[PDB]
Each structure stands twice: as C-alpha cells, then as structure tokens.
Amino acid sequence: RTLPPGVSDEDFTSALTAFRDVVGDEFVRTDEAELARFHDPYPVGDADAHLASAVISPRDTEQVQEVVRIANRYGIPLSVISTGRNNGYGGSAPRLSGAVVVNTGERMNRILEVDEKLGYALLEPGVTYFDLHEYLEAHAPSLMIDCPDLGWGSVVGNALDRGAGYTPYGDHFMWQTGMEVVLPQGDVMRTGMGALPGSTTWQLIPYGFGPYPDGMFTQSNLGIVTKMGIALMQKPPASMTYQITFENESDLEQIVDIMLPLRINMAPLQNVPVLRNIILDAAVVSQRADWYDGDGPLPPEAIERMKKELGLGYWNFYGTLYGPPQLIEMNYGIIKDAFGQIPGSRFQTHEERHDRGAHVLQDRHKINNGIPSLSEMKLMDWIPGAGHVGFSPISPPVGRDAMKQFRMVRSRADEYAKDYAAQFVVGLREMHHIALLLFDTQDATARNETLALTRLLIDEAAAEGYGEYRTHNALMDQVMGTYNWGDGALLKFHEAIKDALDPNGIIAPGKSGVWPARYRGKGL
C-alpha cells in the first residue's frame, strides 16, 4: 500500500479518516483503479517514479482549508491539480512520489462570473477551455477564450504552470487577474483588488496595493488556488488564418529574422506566430510507419515524401489576422511581401486549402480564434505507445540562435534514436524552441533514452544561455539547478519563502525544484 514519504501507516490512516469527515467517503479515493488513473501517461525513466497515495476532492475553498489543516496535523504532503492534463510534464502525478493529490477541479468546476462588457471571467479550477468556450457561446458570445492546443485543460491549471495559447491573449498569466488561494497552513487569501472587501474591480487590474504576489503562485507549491480571474478578449469582426510553407531547412534563419520585426509591435503579426517543422505537421495527419518502417533516424527522402505528399515545407508558418476585411487584406499584403522574399515560400489562407496538408492550418484557425480542439492529440498516433516530454528553452528571436538550436537538438535526437519534431514560437521579444520528443512509453529502453536525451538537451541549451521555461517532474531539480546565478541565489530565495509559508512542508514538495526543509537534500 503506497504511503507518503515520512508518514507512518498510523498517521496516514488517521489523516484519511479526517479527510473523509471533511469531503465525504466518495471523495477520498485510495482504490488501485483510481490511483492508476493519476499515473503520468508519458513517464520518462521509471514508469513507477511518481505515484499517488490517495486523491482528495474538496467541495469548496472551506474544505480545501480543512484538508490542508489536516495534512499539517499529520505531515501529509499534498500535490495539486485542477484538471490534471499536464501531459508532457507529469500529467496528474505528484513530483514527490507517495503524495496525496488534491483534485480541485472535480467539484470546484463552476464559472462563477462572466462580465461581457468589461471582458472577464471568475473561474474555479475545474473549468476546462471547452467549458468556458461553451459558456461564452451560450451567454457572452462577443467574447472568446485563449486556449492551448488541447481544450481539455484547465483555464486555471494551465495559467498556474504559465502555459500559453496563440491569440493576442496568449500569455495566460498576464491576463490572469485576481486569485483566491489557500496558503500552506490553511489560511485563505485574495490577491489584488479582491483583498478589499466588497471591491468591484478584482478582475479589472491584476495589482492591488503593496507587493504583487500572484506570480509567486505560478510554477509554485506556495498554495492551492480556489478561484482565478481572467480577462477575455472581444471577438474581432473577422479573422483569417494563413500557412506559409518554406522548402529548405536552412530557411529557418531568414524566417525568424523576418518574423521578429513583424511581431514585436504586435502587427502585422497580430497573434502568436508558430513555425512548425515537417514532422510536427505530418504527425497530425499520418503515422511514422507510412513514411519509414526501418531502424534509425528518418531518412531525408522520407522527409521529402512527407513534404511532397502533404504539400508542406520543411518549416510551416501559421498566423492569424483580425479585424475588418480591409485591415486583414492590408496586413496579409505586408506579410506576403516580407516572407515572399524567401525563395520557395508558398502562401495559403484557411479559405484556400482543405486537403490533408491543411489539417493543421484549419486547427490553428480554430485555436487562434479561441475555438478549443483535441485534433493535436492525433500527434500521439505517430508511433505505438507514443508519449511526449516537454523541452522548450527560451532564446533571442534571432535566426542565428534558431539555426544553432535546430542543429544542436536534432543532432542529439538522431544520436538518442528520437525524431526531431519541433516548432519555433515568438511570443513578443522571446523565442521558444518547443521540441515534441516522442517515445514509446511501453519500452523501458525508449523511456530511459528519452530522459537521458532531455537531460543532455537541457544542459547543452543552458551552456549556450538558453533556459528551460517549463519542465517535467523528473527534470525539475536539474532545470532549477541551471538557474544558479550567484551560487544558487534564486533557489535559496524560494526555499526561504517556502519554509516561511509552509513550516510543516506540506504543499507539492519539490515543484520547480523547491523542497521544504523536511524533504530537501533527500534525492526524494
């Protein structure tokens, strides 16, 4: 029977009883089948590395407080999910193996408020992107969400890992406005203007008075968020999504150097521009075996067959334009004139192209207009048992930096027997190299190779000044270890805050490499 680390069977028994007294017997799950459902679907290294001892589903903020106070009394470590679809980063699995999972989204799943005129929602953790889209279309259809690729995620949970989408409102944390949070000893607090009783402005400005704390609850184990505000963009009068195909792998340098000046003023590149390689686009509409059934890396001529059969480039640019038809036409003209300076570039609109090679184009047109989707899960049919682990370092949005990263990552992927499927994304002034490292989750050797490759990719990127933005449970200590300016000053700061707020070391120990004192330096 899975026990949390540093808890006796006796204290675990006492805590489960107390949890049942709070949430109800139905909402304290310890059965083999429910615990298996909380396994990381895409484990790197050991499949058994991140297990839950129990899953608690609180009804509301007051029950979250009581479950946290019980955990404090019995030294129970509590991990936290909203919807628990953090696939690529551990899914619903706790960083600390044997933690009890607080399933906030099962019962705290209400849209509490939508203000259509002022453009905001107040949300509980269980509200999915699908839920919020459905609600806006029924009750506030002038508004749209900003969603990641997969709509089954949590508007709250994704913002709390500083996830992102692709409309002008793509930076989820930026548009997050106000939160309610249960602190690690059970006290509850509202941030920003919500700390003023009876305020009318909680969702209108993210800062209140005094030190601005909401960022400290993202990629964080400093509290359990029970409500979160988010600003919501008005739908424009019209939109159009376009695909630019680029024939040559070497076109990356010029694509990025044209992209940055067109994106830094948020026009004419009005949404978050994405540049997807052939594998990332092909894998949505085909399986690897369709192009190559041999051992080793995909041969060049399999890559060319994908490009030609699907009418795709090595690099495939997707952007969206918003406004009156006349502004869309004007902006599209500027984009076509600029990227058209690259020989071999081909431009196609979401109205022009409807073949198998336009599947991603039509999916980006949904996502870029706040219409959530699960079409991207077709990636995970590329090979049997496919899983992915996130690798997504930040770099300058400079073509020379893109080429260096393209070459560095692809050459290591070939060496570690993994396909190079990646995109370059420019937020505003920063570039992400988001590599989807696909591996057979059922093959111990493939799982171990994938962990080893990703550790190497993190270290080599850090050695060029490219830090990881977000990572899996298995990689959190390594990645925080790369942010070690001033003899590890940042982690020392985080540890001081962690121990002050969480003296009993309860909340998601080891999240982002930040361990409370009782678990620190134990190698788990």
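Numbering starts at 1 and follows the sequence shown.
- With 228-236 and 131-139 compared on mean CA B-factor from the PDB entry, the stretch scoring higher is 131-139.
- On average the C-alpha atoms of 409-417 have higher B-factors than those of the other stretch, with 409-417 and 182-190 being the two compared.
- Annotation for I458, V28, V64, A496: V28 ranks highest, by Cα B-factor.
- Within the selection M266, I81, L252, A386, the deposited Cα B-factor values reach their highest point at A386.
- For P297, the recorded CA temperature factor ranks within the highest third of the chain's modelled residues.
- Annotation for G505: C-alpha temperature factor in the middle third relative to the rest of the modelled chain, per the entry.
- Among all modelled residues in this chain, the alpha-carbon of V102 has a temperature factor (C-alpha) in the middle third.
- For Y207, the recorded CA temperature factor ranks within the middle third of the chain's modelled residues.
- The entry lists a Cα temperature factor for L112 that places it in the middle third of the chain's modelled residues.
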